[PDB]
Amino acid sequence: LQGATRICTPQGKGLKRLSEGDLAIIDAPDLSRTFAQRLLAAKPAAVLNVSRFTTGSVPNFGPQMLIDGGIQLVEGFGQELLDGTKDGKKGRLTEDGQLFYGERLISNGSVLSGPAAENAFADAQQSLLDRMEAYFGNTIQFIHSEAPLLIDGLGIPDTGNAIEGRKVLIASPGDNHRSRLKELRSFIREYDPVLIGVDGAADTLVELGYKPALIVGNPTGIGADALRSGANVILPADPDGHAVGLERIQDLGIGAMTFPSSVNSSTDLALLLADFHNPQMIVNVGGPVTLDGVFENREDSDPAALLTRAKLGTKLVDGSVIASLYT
């Protein structure tokens, strides 16, 4: 198959130039229906993917739509497909999945046939059902054994009257939490929310010049400057009351409270603690948890994370939503 080699992204890179009969170069694992529809409307001879069209986690119909439209599908070329592509140059794709610029080999891919794409979809369909049966089975078990915490707030320490009626901002050490905190500088200055630092993000808050009211996490993994900043330290403890890191708190001579529970995440503990104190709102920075993340996780996801987000209900807002008000 001979045609122009056009690099396409779901955001609209080469979709406007993609003509009938050319070779589309994409990097789209788990190809979305929207991107497949845009590719299908352009009528390309073949879609060459750097990654796999169906990775196996979710049943995505996109690759089958392309095959039904008479488009050749070749996948798993790898980064060398993007590194060796000249946008617009007439390429040549063989029936074996090889891409050439005349007689020069650029990349080797794996041809995805119609029946193989149907099988991958059916396998992903069964995989999602099995993972969701396990996940929501664990959700029922979690609610049953942790109802004292979810319903009564058993174990949640009383941190005083500082949170009630106020805006709260919780910072967790997720990817790019520091740059999100910097985008929220005007928000923090203008609204003066109660700051809660979780684990290593308590260090980040203190390094940015803040004085968090609360710090949540095992003090073993929190810096000395954050622990000595004046914040009330909330230590996760086993349901029996044993708190790891209490010796460090006692060595420092600082005030601390324990939060006995079976919840492993200190971000979920901080969210449940803030909610229990009846705030006006809770801005969650560096701790995002979504349904799509649960569906795409090939490993077991913790039901306590999605249940905590649902428990906070209408009071929860992600830091990215607030930062978009300042863009």
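Numbering starts at 1 and runs along the sequence shown.
Averaged over their C-alpha atoms, the temperature factors of 269-277 and 63-71 are higher for 63-71. For the two regions 151-159 and 76-84, the entry's Cα B-factors average higher over 76-84. Of all the options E95, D130, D203, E183, the entry's greatest CA B-factor is assigned to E95. Per the deposited coordinates, the residue with the largest Cα temperature factor out of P288, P44, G293, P260 is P44.
In this PDB entry, the Cα temperature factor of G102 sits in the top third of its chain's modelled residues, the highest group. When the CA B factors of the chain's modelled residues are split into thirds, the value for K90 lands in the highest one. Split the chain's modelled residues into thirds by C-alpha temperature factor. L208 is in the middle one. Per-chain ranking of the deposited C-alpha B factor places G109 in the highest third. Residue-level temperature factors show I282 in the lowest third of its chain, judged at the C-alpha atom.
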